[PDB]
Amino acid sequence: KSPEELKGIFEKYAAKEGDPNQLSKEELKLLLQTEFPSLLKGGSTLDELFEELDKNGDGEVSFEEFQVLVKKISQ
Ligand SMILES: [Ca+2]
Ligand SMILES: [Ca+2]
């Protein structure tokens with residue numbers, strides 16, 4: 001799924017809960033569940049995965065750091 005998809009995915013889901021802009025750890029959950037269940041051919045759990053994803057801040061991800069996901073979908 002191209003950059004132009006994933007850009008539209010991230011934004012919509014980042015706005016699931018109170019905040020419009022970041023992906024919370026518990027917000028990534030729903031995202032993954034709906035859109036990536038078969039794509040997660042790994043061992044990594046949510047929290048472990050989030051903790052690759054979020055550079056060093058610790059509360060919520062945003063598209064910036066989500067580009068690690070955009071890489072790892074080829075991984
Ligand atoms: Ca949010
Ligand atoms: Ca962050």
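Per the entry's author numbering, the sequence shown starts with residue 1, numbered consecutively. All C-beta atoms, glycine included, are put in the ideal place defined by N, C-alpha and C.
Ligand 3 heavy atom lying under 7 Å from the CB of residue i
i   : result
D58 : Summarising the ligand content, the structure contains ligand 1 and ligand 2 and does not contain ligand 3.
Whole-angstrom distance between residue j and residue i, CA atom to CA atom
i   : j   : result
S62 : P20 : 10 Å
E11 : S38 : 22 Å
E51 : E5  : 23 Å
Residue i versus the options, residue with shortest Cα-Cα distance
i   : options               : result
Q33 : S24, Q22, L46 and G59 : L46
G57 : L30, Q22, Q75 and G18 : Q22
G43 : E5, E4 and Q75        : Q75
Cβ-Cβ distance between residue i and residue j below 8 Å
i   : j   : result
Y13 : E27 : yes
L53 : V70 : no
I9  : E35 : yes
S24 : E60 : yes
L30 : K41 : no
heavy atom of ligand 2 below 7 Å from residue i C-beta
i   : result
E65 : yes
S62 : yes
heavy atom of ligand 1 below 7 Å from residue i C-beta
i   : result
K16 : yes
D19 : yes
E11 : no
Residues near residue i in its chain [Cβ-Cβ closer than 7 Å; skip 5 each side]
i   : result
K55 : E65
Chain-order list of residues whose beta-carbon lies under 8 Å from that of residue i (same chain, five-residue window excluded)
i  : result
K7 : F63
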